[PDB]
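Structure assessment
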Amino acid sequence: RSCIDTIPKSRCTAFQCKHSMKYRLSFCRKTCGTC
């Protein structure tokens, strides 16, 4: 019950938040604002 990225934050690029549902929902939830 924590909101974290599960890969290094730097990989959670603007491009991936924009275009990758996988990154938004699984790898980059904190950086892409989905938690």
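Residues numbered from 1 in each chain as written, not as in the entry; some residues may be left out. Heavy atoms only, no water.

The deposited PDB record carries the title "High resolution x-ray crystal structure of L-ShK toxin". For the protein chain, the Sequence similarities comment in UniProt is given as "Belongs to the sea anemone type 1 potassium channel toxin family. Type 1a subfamily." (UniProt positions renumbered as here; feature names shortened; annotations may be inferred.)

1. Side note on the UniProt feature "domain: ShKT" in the protein chain
Within this numbering scheme, the UniProt entry marks residues 3-35 as carrying the feature "domain: ShKT". For residues 3-35, helix accounts for 39% and strand for 0%, while the C-alpha atoms at its two ends are 6 Å apart. (Helix = DSSP H or I, 4+ residues; strand = E, 2+ residues; numbered from the N terminus.)

2. Things to note about the UniProt feature "disulfide bond" in the protein chain
At 2.0 Å between sulfur atoms, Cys-3 and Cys-35 form the disulfide that UniProt records. A residue pair is termed long-range when its members are at least 10 positions apart, and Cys-3 in the segment before α1 (14-19) and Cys-35 in the segment after α2 (21-27) qualify at 32 residues. According to the relative accessible area criterion, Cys-3 is partly exposed, its value standing at 31%. Where 2.5 Å serves as the upper bound for a disulfide, the S to S distance of 2.0 Å between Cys-12 and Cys-28 confirms the link that UniProt reports. (Disulfide = S-S within 2.5 Å. Buried < 20%, exposed > 50% of the residue type's maximum accessible area, 1.4 Å probe, protein only.)

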